[PDB]
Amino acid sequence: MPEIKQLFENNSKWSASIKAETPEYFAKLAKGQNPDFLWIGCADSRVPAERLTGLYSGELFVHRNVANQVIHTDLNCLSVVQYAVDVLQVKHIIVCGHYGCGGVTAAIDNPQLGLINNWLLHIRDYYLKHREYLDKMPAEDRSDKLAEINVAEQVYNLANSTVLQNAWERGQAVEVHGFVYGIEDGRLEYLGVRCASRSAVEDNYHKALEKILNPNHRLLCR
């Protein structure tokens, strides 16, 4: 197709200019160097993670999937984390959610989308859990709200995995973070508190949901 032509045109034009102006980017990239972070994000990738963070030299290890899940028994994501932590010694894992998320809106409104429906039932579980709180917000905001709550519930799932409990138990330098951003200004919010140990997991969980499930039904980013 001509668009596939166009993509290789863009690559060719890019490769040429970077190898000319900043060859150092490529030669240091071709080194083995460990990334420093693990970024669990949505497949939507609305603002790419490098853009949001300013990390332009292969420093993120990245996992993506729909609505940025750390499902208890998804071996794909679980393997990402274990390879990240145990092998590449990342000392930071980041679950990032975002507003205007296709999956999160499906988890609430329950549309017939095919096979993807099953995956979103995990997020629907959390919808159902927090449904009294949700049903008090303008219907235009309820999805974005559950995207915040979705992040927090996934940081808790990641913290409770065997991959994190072992790493913590052996005394390894790992900590976990929830972020969210909105589509107005693409600026990250930090949800909850530092979580660098097993003992601080339950507190983060609470604090993040204390922050999110605020008494005044206000979204954090808009």
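Sequential numbering from 1, following the sequence displayed.
Two stretches are in play, 89-97 and 68-76, and the higher mean C-alpha B-factor belongs to 89-97. In this crystal structure, the stretch out of 144-152 and 102-110 whose C-alpha atoms carry the higher mean B factor is 102-110.
Comparing C-alpha B-factors across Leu158, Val180, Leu55, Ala196 in the deposited entry, the largest value falls on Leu55. Looking at the C-alpha B-factors along this chain, the one for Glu169 belongs to the middle third.
Residue-level temperature factors show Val176 in the middle third of its chain, judged at the C-alpha atom.
Residue-level temperature factors show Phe61 in the lowest third of its chain, judged at the C-alpha atom. The deposited CA B-factor of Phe26 belongs to the highest third of values across its chain. Split the chain's modelled residues into thirds by C-alpha temperature factor. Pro48 is in the middle one.
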